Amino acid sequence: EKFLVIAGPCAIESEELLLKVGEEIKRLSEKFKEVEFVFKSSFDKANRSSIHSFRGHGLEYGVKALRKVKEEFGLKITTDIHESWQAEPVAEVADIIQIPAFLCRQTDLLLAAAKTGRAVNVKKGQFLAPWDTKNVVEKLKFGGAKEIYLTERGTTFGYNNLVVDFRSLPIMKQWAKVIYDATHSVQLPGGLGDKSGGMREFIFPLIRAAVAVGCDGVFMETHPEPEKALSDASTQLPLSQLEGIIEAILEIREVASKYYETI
């Protein structure tokens, strides 16, 4: 089956940043034809730790910026919603509607996404056990979703730290396609006080583990200059490193694939 790579800047800092990343993602999609690329970027960071942190330029601007990316590069789009009313307008551009991790149990939000007819990708809550995603998928199916994804992004492990329990990949695979979030799984929740931390040195090895265990895709936040990002500056992957990372997981996926268990 076609491997999915969801990537893009964490936040829509501007329509310019988007076109810049989109240009590179378009180039890679032409090279890695066995991969289905989906451009990602949040029109709003509605759950920052600090009131003083960057949130975004609003739904309107964001959707417009995303529509430009899709229009200019012919790339599929995904973005997250935070309240029910946003599902309708977002669905006009987003091929995949993403549900934030803290909101994976909010029934109305899930239902709002499902009735759009668009694919839905739920970030697994840091508080959720892998077997408890079965009910999340059931809610979506009840709401009309026909294409559902569950994203692994780490689990609460003591304070300000997340651990990735790779047993979750084969467990969740029982009810939906599984995506591994390579960048948020290494972030340190509220690590820097007013903001969260992260250890970029573990992004690559954990992503190798993910494809070796077996998943249907990977999620990676990338930025031309991470150190200047308005969000996830500690975890966003340098855009120049994207191609190499993708080639690597495709290679590991291929060699490991024959051993993937039948779920």
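Residue indices: 1-based, along the sequence shown.
Engineer: Quick check on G193: across the other compared entries (only those modelling residues on both sides), is it unmodelled in a third or more?
Structural biologist: Result for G193: often missing, at least a third of the compared entries.
Engineer: Is the mean CA B factor in the deposited entry higher across 63-71 or across 213-221?
Structural biologist: So the stretch with the higher mean C-alpha B-factor is 63-71.
Engineer: Between 45-53 and 193-201, which has the larger average Cα B-factor in the PDB entry?
Structural biologist: Stretch with the higher mean C-alpha B-factor: 193-201.
Engineer: Which third of the chain holds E92 when residues are ordered by C-alpha B factor: lowest, middle or highest?
Structural biologist: According to the entry, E92 has a C-alpha B-factor in the chain's highest third.
Engineer: By the recorded C-alpha temperature factor, relative to the other modelled residues in its chain, which third is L230 in?
Structural biologist: For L230, the deposited C-alpha B-factor lands in the highest third.
Engineer: Please place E251 in the lowest, middle or highest third of its chain by C-alpha B factor as given in the entry.
Structural biologist: It falls in the bottom third of the chain.
Engineer: Taking the entry's C-alpha B-factors for this chain, is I263 in the lowest, middle or highest third?
Structural biologist: It belongs to the highest third of the chain when residues are ordered by C-alpha B-factor.
Engineer: Mind checking which third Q187 falls in for C-alpha B-factor across the chain?
Structural biologist: Within its chain, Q187 is a highest-third residue by C-alpha B-factor, going by the deposited values.
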